[PDB]
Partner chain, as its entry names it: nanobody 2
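Here's a solo chain for you in structure tokens, the form deposited without its partner chain.
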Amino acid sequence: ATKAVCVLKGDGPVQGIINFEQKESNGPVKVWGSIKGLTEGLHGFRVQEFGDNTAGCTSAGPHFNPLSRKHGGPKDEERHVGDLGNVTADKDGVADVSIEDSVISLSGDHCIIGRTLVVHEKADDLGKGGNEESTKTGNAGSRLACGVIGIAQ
């Protein structure tokens, strides 16, 4: 049993705290928390490969993708390990996050600890946008906030 936590911060208003919990080494991972300072609507939400924020969110690189797959939604059979779809911000700019995912992990080779959680300007088109960027990143526009995923007590 493992827990992780991530504090998302950026250059603007977007700020949040995301908790991860995994009860068993191969089990589903529970992702929950809150992000605020968002424009109402859907925002791309994923894990980038590196826990590298030296030049801001760019340094974190491509979506975490150890199986060398194409970008997709979290319930698609072709996706990056890091692909967690969209979070939804309400009228107050608050995205209450409550995800379960069975592909990310807090141990083993899908371990996302030490990697970067990021929230984006626009919606993830889930790899269904009909262009090359869709199949790479989901066309979610610029990165608004990110942080390194750490071990939690």
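Numbering follows the first chain given and starts at 1.
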field: Greater mean Cα temperature factor according to the PDB record, 82 to 90 or 124 to 132
entry: 124 to 132
message: Which third, lowest, middle or highest, does the C-alpha temperature factor of residue 116 belong to within its own chain?
response: lowest
- request: Name the third of the chain's ranked CA B-factors that contains residue 15, choosing lowest, middle or highest.
  value: middle
- prompt: How does residue 63 rank on Cα B-factor within its chain, lowest, middle or highest third?
  reply: lowest
- prompt: Which third of the chain holds residue 52 when residues are ordered by C-alpha B factor: lowest, middle or highest?
  reply: middle
- prompt: Ranked by Cα temperature factor within the chain, is residue 97 in the lowest third, the middle third or the highest third?
  reply: highest
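There is another form of the same protein, the form solved in complex with its partner chain; it is not shown, and what comes next is about it.
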query: What residues, if any, in 1 to 29 have a non-hydrogen atom within 4.5 angstroms of its partner chain in the deposited complex?
result: 11, 12, 13, 15
